[PDB]
$ cat my_file-v1.pdb   # PDB, C-alpha atoms
ATOM      1  CA  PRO R   1       0.000   0.000   0.000  1.00  0.00           C
ATOM      2  CA  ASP R   2       2.756   2.458   0.961  1.00  0.00           C
ATOM      3  CA  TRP R   3       3.214   3.896  -2.533  1.00  0.00           C
ATOM      4  CA  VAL R   4      -0.484   4.371  -3.365  1.00  0.00           C
ATOM      5  CA  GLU R   5      -1.040   7.847  -1.886  1.00  0.00           C
ATOM      6  CA  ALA R   6       1.714   9.350  -4.023  1.00  0.00           C
ATOM      7  CA  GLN R   7       0.715   7.364  -7.111  1.00  0.00           C
ATOM      8  CA  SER R   8      -2.825   8.761  -7.162  1.00  0.00           C
ATOM      9  CA  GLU R   9      -1.433  12.237  -6.545  1.00  0.00           C
ATOM     10  CA  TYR R  10       0.587  11.701  -9.726  1.00  0.00           C
ATOM     11  CA  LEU R  11      -2.431  10.481 -11.679  1.00  0.00           C
ATOM     12  CA  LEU R  12      -4.569  13.520 -10.854  1.00  0.00           C
ATOM     13  CA  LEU R  13      -1.733  15.850 -11.844  1.00  0.00           C
ATOM     14  CA  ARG R  14      -1.851  14.012 -15.161  1.00  0.00           C
ATOM     15  CA  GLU R  15      -5.516  15.001 -15.200  1.00  0.00           C
ATOM     16  CA  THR R  16      -4.977  18.610 -14.138  1.00  0.00           C
ATOM     17  CA  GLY R  17      -2.296  18.881 -16.829  1.00  0.00           C
ATOM     18  CA  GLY R  18       0.469  19.597 -14.336  1.00  0.00           C
ATOM     19  CA  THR R  19       3.981  20.621 -15.343  1.00  0.00           C
ATOM     20  CA  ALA R  20       6.760  18.142 -16.094  1.00  0.00           C
ATOM     21  CA  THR R  21       8.772  19.742 -13.293  1.00  0.00           C
ATOM     22  CA  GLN R  22       5.881  19.032 -10.913  1.00  0.00           C
ATOM     23  CA  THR R  23       5.056  15.486 -12.019  1.00  0.00           C
ATOM     24  CA  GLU R  24       8.683  14.353 -12.302  1.00  0.00           C
ATOM     25  CA  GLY R  25       9.109  15.397  -8.676  1.00  0.00           C
ATOM     26  CA  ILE R  26       6.470  12.905  -7.567  1.00  0.00           C
ATOM     27  CA  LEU R  27       8.027  10.084  -9.582  1.00  0.00           C
ATOM     28  CA  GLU R  28      11.251  10.838  -7.724  1.00  0.00           C
ATOM     29  CA  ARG R  29       9.480  10.757  -4.357  1.00  0.00           C
ATOM     30  CA  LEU R  30       8.567   7.196  -5.321  1.00  0.00           C
ATOM     31  CA  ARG R  31      12.017   5.971  -6.323  1.00  0.00           C
ATOM     32  CA  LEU R  32      13.223   7.181  -2.930  1.00  0.00           C
ATOM     33  CA  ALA R  33      10.228   5.470  -1.332  1.00  0.00           C
ATOM     34  CA  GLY R  34      11.465   2.172  -2.732  1.00  0.00           C
ATOM     35  CA  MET R  35       9.214   1.549  -5.719  1.00  0.00           C
ATOM     36  CA  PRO R  36      10.818  -0.444  -8.590  1.00  0.00           C
ATOM     37  CA  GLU R  37      11.863   1.744 -11.535  1.00  0.00           C
ATOM     38  CA  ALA R  38      10.096  -0.818 -13.721  1.00  0.00           C
ATOM     39  CA  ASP R  39       6.945  -0.855 -11.600  1.00  0.00           C
ATOM     40  CA  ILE R  40       7.013   2.918 -12.073  1.00  0.00           C
ATOM     41  CA  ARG R  41       7.349   2.641 -15.849  1.00  0.00           C
ATOM     42  CA  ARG R  42       4.302   0.380 -15.604  1.00  0.00           C
ATOM     43  CA  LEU R  43       2.441   3.147 -13.784  1.00  0.00           C
ATOM     44  CA  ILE R  44       3.005   5.749 -16.501  1.00  0.00           C
ATOM     45  CA  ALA R  45       2.289   3.193 -19.227  1.00  0.00           C
ATOM     46  CA  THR R  46      -1.230   2.558 -17.937  1.00  0.00           C
ATOM     47  CA  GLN R  47      -1.944   5.601 -15.773  1.00  0.00           C
ATOM     48  CA  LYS R  48      -3.084   2.982 -13.265  1.00  0.00           C
ATOM     49  CA  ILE R  49      -2.275   2.701  -9.556  1.00  0.00           C
ATOM     50  CA  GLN R  50      -0.101  -0.374  -9.046  1.00  0.00           C
ATOM     51  CA  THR R  51      -1.206  -2.302  -5.960  1.00  0.00           C
ATOM     52  CA  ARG R  52       0.061  -5.883  -6.355  1.00  0.00           C
TER      53      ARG R  52
ATOM     54  CA  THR H   1      68.065 -21.981  34.624  1.00  0.00           C
ATOM     55  CA  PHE H   2      65.072 -21.931  32.278  1.00  0.00           C
ATOM     56  CA  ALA H   3      64.413 -22.810  28.643  1.00  0.00           C
ATOM     57  CA  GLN H   4      60.760 -23.289  27.710  1.00  0.00           C
ATOM     58  CA  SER H   5      58.851 -22.983  24.429  1.00  0.00           C
ATOM     59  CA  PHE H   6      55.487 -21.217  24.719  1.00  0.00           C
ATOM     60  CA  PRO H   7      52.902 -21.780  21.951  1.00  0.00           C
ATOM     61  CA  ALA H   8      51.496 -18.755  20.126  1.00  0.00           C
ATOM     62  CA  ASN H   9      49.153 -17.776  17.293  1.00  0.00           C
ATOM     63  CA  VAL H  10      49.018 -15.150  14.552  1.00  0.00           C
ATOM     64  CA  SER H  11      45.956 -12.883  14.627  1.00  0.00           C
ATOM     65  CA  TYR H  12      44.510  -9.655  13.219  1.00  0.00           C
ATOM     66  CA  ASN H  13      45.507  -6.275  14.616  1.00  0.00           C
ATOM     67  CA  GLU H  14      42.619  -5.302  16.876  1.00  0.00           C
ATOM     68  CA  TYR H  15      43.795  -1.688  16.835  1.00  0.00           C
ATOM     69  CA  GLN H  16      43.391  -1.827  13.060  1.00  0.00           C
ATOM     70  CA  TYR H  17      39.675  -2.480  13.336  1.00  0.00           C
ATOM     71  CA  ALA H  18      36.727  -1.080  11.377  1.00  0.00           C
ATOM     72  CA  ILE H  19      33.015  -1.883  11.111  1.00  0.00           C
ATOM     73  CA  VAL H  20      31.201  -0.061   8.320  1.00  0.00           C
ATOM     74  CA  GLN H  21      27.593   0.793   9.160  1.00  0.00           C
ATOM     75  CA  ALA H  22      25.278   2.987   7.093  1.00  0.00           C
ATOM     76  CA  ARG H  23      24.627   6.416   8.613  1.00  0.00           C
ATOM     77  CA  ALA H  24      20.906   6.193   7.851  1.00  0.00           C
ATOM     78  CA  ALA H  25      18.366   3.641   6.625  1.00  0.00           C
ATOM     79  CA  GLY H  26      17.914   2.825   2.947  1.00  0.00           C
ATOM     80  CA  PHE H  27      18.080   0.165   0.245  1.00  0.00           C
ATOM     81  CA  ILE H  28      21.038  -1.302  -1.647  1.00  0.00           C
ATOM     82  CA  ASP H  29      21.450  -0.277  -5.280  1.00  0.00           C
ATOM     83  CA  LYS H  30      24.421  -2.509  -6.058  1.00  0.00           C
ATOM     84  CA  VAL H  31      27.213  -4.417  -4.327  1.00  0.00           C
ATOM     85  CA  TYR H  32      30.783  -4.832  -5.591  1.00  0.00           C
ATOM     86  CA  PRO H  33      32.660  -8.143  -6.063  1.00  0.00           C
ATOM     87  CA  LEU H  34      33.730  -8.641  -2.455  1.00  0.00           C
ATOM     88  CA  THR H  35      33.148 -11.435   0.047  1.00  0.00           C
ATOM     89  CA  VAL H  36      34.313 -12.477   3.510  1.00  0.00           C
ATOM     90  CA  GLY H  37      37.965 -13.439   3.182  1.00  0.00           C
ATOM     91  CA  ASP H  38      39.086 -10.968   0.534  1.00  0.00           C
ATOM     92  CA  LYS H  39      41.895  -8.465   1.069  1.00  0.00           C
ATOM     93  CA  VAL H  40      40.607  -4.916   0.646  1.00  0.00           C
ATOM     94  CA  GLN H  41      42.436  -1.596   0.790  1.00  0.00           C
ATOM     95  CA  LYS H  42      41.608   1.902   2.041  1.00  0.00           C
ATOM     96  CA  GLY H  43      39.297   3.340  -0.596  1.00  0.00           C
ATOM     97  CA  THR H  44      37.973   0.039  -1.922  1.00  0.00           C
ATOM     98  CA  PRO H  45      34.278   0.332  -2.922  1.00  0.00           C
ATOM     99  CA  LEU H  46      31.918  -1.749  -0.783  1.00  0.00           C
ATOM    100  CA  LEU H  47      28.386  -1.022  -1.987  1.00  0.00           C
ATOM    101  CA  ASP H  48      26.128   1.678  -3.438  1.00  0.00           C
ATOM    102  CA  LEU H  49      22.982   2.559  -1.507  1.00  0.00           C
ATOM    103  CA  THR H  50      20.099   5.032  -1.653  1.00  0.00           C
ATOM    104  CA  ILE H  51      19.245   7.031   1.461  1.00  0.00           C
ATOM    105  CA  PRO H  52      16.216   9.366   1.533  1.00  0.00           C
ATOM    106  CA  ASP H  53      16.718  10.558   5.108  1.00  0.00           C
ATOM    107  CA  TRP H  54      18.565  13.796   4.358  1.00  0.00           C
ATOM    108  CA  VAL H  55      16.935  14.609   1.014  1.00  0.00           C
ATOM    109  CA  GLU H  56      14.292  16.863   2.599  1.00  0.00           C
ATOM    110  CA  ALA H  57      16.927  19.012   4.302  1.00  0.00           C
ATOM    111  CA  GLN H  58      19.103  19.161   1.186  1.00  0.00           C
ATOM    112  CA  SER H  59      16.203  20.951  -0.490  1.00  0.00           C
ATOM    113  CA  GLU H  60      15.969  23.271   2.511  1.00  0.00           C
ATOM    114  CA  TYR H  61      19.533  24.111   1.481  1.00  0.00           C
ATOM    115  CA  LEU H  62      19.186  24.483  -2.291  1.00  0.00           C
ATOM    116  CA  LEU H  63      16.186  26.664  -1.497  1.00  0.00           C
ATOM    117  CA  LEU H  64      18.325  28.826   0.785  1.00  0.00           C
ATOM    118  CA  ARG H  65      20.753  29.165  -2.125  1.00  0.00           C
ATOM    119  CA  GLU H  66      18.156  30.473  -4.585  1.00  0.00           C
ATOM    120  CA  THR H  67      16.954  33.147  -2.162  1.00  0.00           C
ATOM    121  CA  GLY H  68      20.500  33.807  -0.976  1.00  0.00           C
ATOM    122  CA  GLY H  69      19.773  33.313   2.710  1.00  0.00           C
ATOM    123  CA  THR H  70      22.136  34.337   5.495  1.00  0.00           C
ATOM    124  CA  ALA H  71      25.593  32.772   5.674  1.00  0.00           C
ATOM    125  CA  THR H  72      24.710  31.786   9.238  1.00  0.00           C
ATOM    126  CA  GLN H  73      21.358  30.435   8.023  1.00  0.00           C
ATOM    127  CA  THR H  74      23.267  28.314   5.504  1.00  0.00           C
ATOM    128  CA  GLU H  75      25.856  26.999   7.958  1.00  0.00           C
ATOM    129  CA  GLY H  76      22.843  25.995  10.031  1.00  0.00           C
ATOM    130  CA  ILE H  77      21.015  23.790   7.541  1.00  0.00           C
ATOM    131  CA  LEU H  78      24.473  22.571   6.542  1.00  0.00           C
ATOM    132  CA  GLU H  79      25.760  21.516   9.972  1.00  0.00           C
ATOM    133  CA  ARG H  80      22.372  19.919  10.618  1.00  0.00           C
ATOM    134  CA  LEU H  81      23.238  17.688   7.660  1.00  0.00           C
ATOM    135  CA  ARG H  82      26.541  16.509   9.123  1.00  0.00           C
ATOM    136  CA  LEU H  83      24.739  16.055  12.453  1.00  0.00           C
ATOM    137  CA  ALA H  84      22.056  13.969  10.746  1.00  0.00           C
ATOM    138  CA  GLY H  85      24.875  11.687   9.643  1.00  0.00           C
ATOM    139  CA  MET H  86      25.537  12.749   6.058  1.00  0.00           C
ATOM    140  CA  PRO H  87      29.287  12.303   5.318  1.00  0.00           C
ATOM    141  CA  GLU H  88      31.531  15.380   5.144  1.00  0.00           C
ATOM    142  CA  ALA H  89      32.707  14.136   1.749  1.00  0.00           C
ATOM    143  CA  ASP H  90      29.214  13.572   0.357  1.00  0.00           C
ATOM    144  CA  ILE H  91      28.177  17.036   1.533  1.00  0.00           C
ATOM    145  CA  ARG H  92      30.908  18.578  -0.620  1.00  0.00           C
ATOM    146  CA  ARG H  93      29.086  16.851  -3.478  1.00  0.00           C
ATOM    147  CA  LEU H  94      25.891  18.661  -2.535  1.00  0.00           C
ATOM    148  CA  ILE H  95      27.351  22.167  -2.558  1.00  0.00           C
ATOM    149  CA  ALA H  96      29.373  21.394  -5.682  1.00  0.00           C
ATOM    150  CA  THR H  97      26.657  19.928  -7.898  1.00  0.00           C
ATOM    151  CA  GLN H  98      23.874  22.037  -6.400  1.00  0.00           C
ATOM    152  CA  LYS H  99      21.670  18.965  -6.793  1.00  0.00           C
ATOM    153  CA  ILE H 100      20.323  16.699  -4.066  1.00  0.00           C
ATOM    154  CA  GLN H 101      22.265  13.533  -3.289  1.00  0.00           C
ATOM    155  CA  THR H 102      20.459  10.180  -3.130  1.00  0.00           C
ATOM    156  CA  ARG H 103      22.791   7.288  -3.979  1.00  0.00           C
TER     157      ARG H 103
END
$ encode --input "my_file-v1.pdb" --output "structure tokens"
Amino acid sequence: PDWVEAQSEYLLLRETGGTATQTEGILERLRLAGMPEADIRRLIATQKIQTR
Amino acid sequence: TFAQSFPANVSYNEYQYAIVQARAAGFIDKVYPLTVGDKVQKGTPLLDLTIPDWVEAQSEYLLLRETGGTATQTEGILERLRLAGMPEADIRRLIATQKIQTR
């Protein structure tokens, strides 16, 4: 579950057409949180919150 | 008159002793070819790790640098970094790159 809060926050900034400088910052807060760089690529590729 | 042979053993110098613990929690990025038994030398790479403990404060620094805060306000956030555990050598790579340090 840990990573979900920040994932959704990223997905709604994709909705509210946020800046690259703003969105990238949240992807980085995930890498540091321990999420797999691949499991992140999977996030962007489907705009879907990874849970399992 | 005496003449006795006492048995002895060769051992490691216990004044040349070092245990390498991580300053703060994190995960391992990669680990170099090195296992128990190998002969290493001062400077030999052990492992690369990512630590997100200090990141928040490093921003509190870069921020201070964009608004040109006080020199005493900068030494503050800075010495709080060395107090947090961040290595004096890795700090020089924060001021020099002007980018946060993670790995």
$ residues_around --input "my_file-v1.pdb" --residues "residue 26 (chain R)" --least-positions-apart "2" --cutoff "9 Å" --atoms "all atoms listed in the file" --output "PDB file with C-alpha atoms, in the coordinates of the input"
ATOM      1  CA  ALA R   6       1.714   9.350  -4.023  1.00  0.00           C
ATOM      2  CA  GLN R   7       0.715   7.364  -7.111  1.00  0.00           C
ATOM      3  CA  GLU R   9      -1.433  12.237  -6.545  1.00  0.00           C
ATOM      4  CA  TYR R  10       0.587  11.701  -9.726  1.00  0.00           C
ATOM      5  CA  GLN R  22       5.881  19.032 -10.913  1.00  0.00           C
ATOM      6  CA  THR R  23       5.056  15.486 -12.019  1.00  0.00           C
ATOM      7  CA  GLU R  24       8.683  14.353 -12.302  1.00  0.00           C
ATOM      8  CA  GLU R  28      11.251  10.838  -7.724  1.00  0.00           C
ATOM      9  CA  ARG R  29       9.480  10.757  -4.357  1.00  0.00           C
ATOM     10  CA  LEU R  30       8.567   7.196  -5.321  1.00  0.00           C
ATOM     11  CA  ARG R  31      12.017   5.971  -6.323  1.00  0.00           C
TER      12      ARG R  31
END
$ resolve_selection --input "my_file-v1.pdb" --expression "the ChimeraX specification (/R :<8) & /H" --output "PyMOL selection string"
chain H and resi 27+50-52+102
$ atom_distance --input "my_file-v1.pdb" --atom1 "CA of residue 17 (chain R)" --atom2 "CA of residue 5 (chain R)"
18.6 Å
$ resolve_selection --input "my_file-v1.pdb" --expression "the PyMOL selection byres ((chain H and resi 90) around 12)" --output "list in words"
residues 23, 51, 54, 58, 78, 81, 82, 85, 86, 87, 88, 89, 91, 92, 93, 94, 95, 96, 97, 99, 100, 101, 102 and 103 of chain H
$ residues_around --input "my_file-v1.pdb" --residues "residue 44 (chain R)" --least-positions-apart "3" --cutoff "12 Å" --atoms "all atoms listed in the file" --output "MDAnalysis selection string"
chainID R and resid 7:8 10:11 14 23:24 26:27 37:41 47:50
$ residues_near_point --input "my_file-v1.pdb" --point "(30.3, -3.4, -1.5)" --cutoff "10 Å" --atoms "all atoms listed in the file" --output "PyMOL selection string"
chain H and resi 28+30-35+44-49
$ atom_distance --input "my_file-v1.pdb" --atom1 "CA of residue 62 (chain H)" --atom2 "CA of residue 98 (chain H)"
6.7 Å
$ atom_distance --input "my_file-v1.pdb" --atom1 "CA of residue 65 (chain H)" --atom2 "CA of residue 21 (chain R)"
18.9 Å
$ closest_residue --input "my_file-v1.pdb" --among "R:35, R:20, R:13, R:25" --to "residue 51 (chain R)" --atoms "all atoms listed in the file"
R:35
$ closest_residue --input "my_file-v1.pdb" --among "H:72, H:9, H:77, H:38" --to "residue 57 (chain H)" --atoms "all atoms listed in the file"
H:77
$ decode --input "my_file-v1.pdb" --residues "region 44-63 of chain H" --atoms "N, CA and C atoms" --output "PDB file, in the first residue's frame"
ATOM      1  N   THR H  44      38.691   1.072  -1.185  1.00  0.00           N
ATOM      2  CA  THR H  44      37.973   0.039  -1.922  1.00  0.00           C
ATOM      3  C   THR H  44      36.462   0.203  -1.772  1.00  0.00           C
ATOM      4  N   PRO H  45      35.739   0.201  -2.903  1.00  0.00           N
ATOM      5  CA  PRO H  45      34.278   0.332  -2.922  1.00  0.00           C
ATOM      6  C   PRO H  45      33.600  -0.886  -2.312  1.00  0.00           C
ATOM      7  N   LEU H  46      32.629  -0.656  -1.435  1.00  0.00           N
ATOM      8  CA  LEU H  46      31.918  -1.749  -0.783  1.00  0.00           C
ATOM      9  C   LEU H  46      30.540  -1.973  -1.395  1.00  0.00           C
ATOM     10  N   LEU H  47      29.729  -0.923  -1.427  1.00  0.00           N
ATOM     11  CA  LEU H  47      28.386  -1.022  -1.987  1.00  0.00           C
ATOM     12  C   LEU H  47      27.765   0.356  -2.206  1.00  0.00           C
ATOM     13  N   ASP H  48      26.851   0.440  -3.167  1.00  0.00           N
ATOM     14  CA  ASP H  48      26.128   1.678  -3.438  1.00  0.00           C
ATOM     15  C   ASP H  48      24.703   1.579  -2.914  1.00  0.00           C
ATOM     16  N   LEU H  49      24.284   2.587  -2.157  1.00  0.00           N
ATOM     17  CA  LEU H  49      22.982   2.559  -1.507  1.00  0.00           C
ATOM     18  C   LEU H  49      22.246   3.879  -1.684  1.00  0.00           C
ATOM     19  N   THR H  50      20.920   3.829  -1.586  1.00  0.00           N
ATOM     20  CA  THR H  50      20.099   5.032  -1.653  1.00  0.00           C
ATOM     21  C   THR H  50      19.513   5.364  -0.287  1.00  0.00           C
ATOM     22  N   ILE H  51      19.756   6.585   0.173  1.00  0.00           N
ATOM     23  CA  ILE H  51      19.245   7.031   1.461  1.00  0.00           C
ATOM     24  C   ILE H  51      18.416   8.296   1.293  1.00  0.00           C
ATOM     25  N   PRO H  52      17.137   8.239   1.692  1.00  0.00           N
ATOM     26  CA  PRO H  52      16.216   9.366   1.533  1.00  0.00           C
ATOM     27  C   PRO H  52      16.020  10.146   2.829  1.00  0.00           C
ATOM     28  N   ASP H  53      16.879   9.913   3.814  1.00  0.00           N
ATOM     29  CA  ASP H  53      16.718  10.558   5.108  1.00  0.00           C
ATOM     30  C   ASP H  53      17.020  12.052   5.043  1.00  0.00           C
ATOM     31  N   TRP H  54      18.111  12.409   4.375  1.00  0.00           N
ATOM     32  CA  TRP H  54      18.565  13.796   4.358  1.00  0.00           C
ATOM     33  C   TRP H  54      17.974  14.611   3.214  1.00  0.00           C
ATOM     34  N   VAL H  55      17.423  13.932   2.215  1.00  0.00           N
ATOM     35  CA  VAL H  55      16.935  14.609   1.014  1.00  0.00           C
ATOM     36  C   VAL H  55      16.117  15.868   1.316  1.00  0.00           C
ATOM     37  N   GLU H  56      15.186  15.759   2.258  1.00  0.00           N
ATOM     38  CA  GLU H  56      14.292  16.863   2.599  1.00  0.00           C
ATOM     39  C   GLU H  56      15.061  18.109   3.024  1.00  0.00           C
ATOM     40  N   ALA H  57      16.116  17.908   3.806  1.00  0.00           N
ATOM     41  CA  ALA H  57      16.927  19.012   4.302  1.00  0.00           C
ATOM     42  C   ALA H  57      17.847  19.572   3.222  1.00  0.00           C
ATOM     43  N   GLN H  58      18.271  18.716   2.297  1.00  0.00           N
ATOM     44  CA  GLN H  58      19.103  19.161   1.186  1.00  0.00           C
ATOM     45  C   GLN H  58      18.352  20.179   0.337  1.00  0.00           C
ATOM     46  N   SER H  59      17.044  19.986   0.205  1.00  0.00           N
ATOM     47  CA  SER H  59      16.203  20.951  -0.490  1.00  0.00           C
ATOM     48  C   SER H  59      16.139  22.245   0.308  1.00  0.00           C
ATOM     49  N   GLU H  60      15.980  22.116   1.622  1.00  0.00           N
ATOM     50  CA  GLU H  60      15.969  23.271   2.511  1.00  0.00           C
ATOM     51  C   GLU H  60      17.255  24.076   2.345  1.00  0.00           C
ATOM     52  N   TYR H  61      18.273  23.439   1.774  1.00  0.00           N
ATOM     53  CA  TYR H  61      19.533  24.111   1.481  1.00  0.00           C
ATOM     54  C   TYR H  61      19.503  24.766   0.105  1.00  0.00           C
ATOM     55  N   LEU H  62      19.251  23.967  -0.928  1.00  0.00           N
ATOM     56  CA  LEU H  62      19.186  24.483  -2.291  1.00  0.00           C
ATOM     57  C   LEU H  62      18.223  25.660  -2.364  1.00  0.00           C
ATOM     58  N   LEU H  63      17.130  25.564  -1.614  1.00  0.00           N
ATOM     59  CA  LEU H  63      16.186  26.664  -1.497  1.00  0.00           C
ATOM     60  C   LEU H  63      16.904  27.900  -0.972  1.00  0.00           C
TER      61      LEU H  63
END
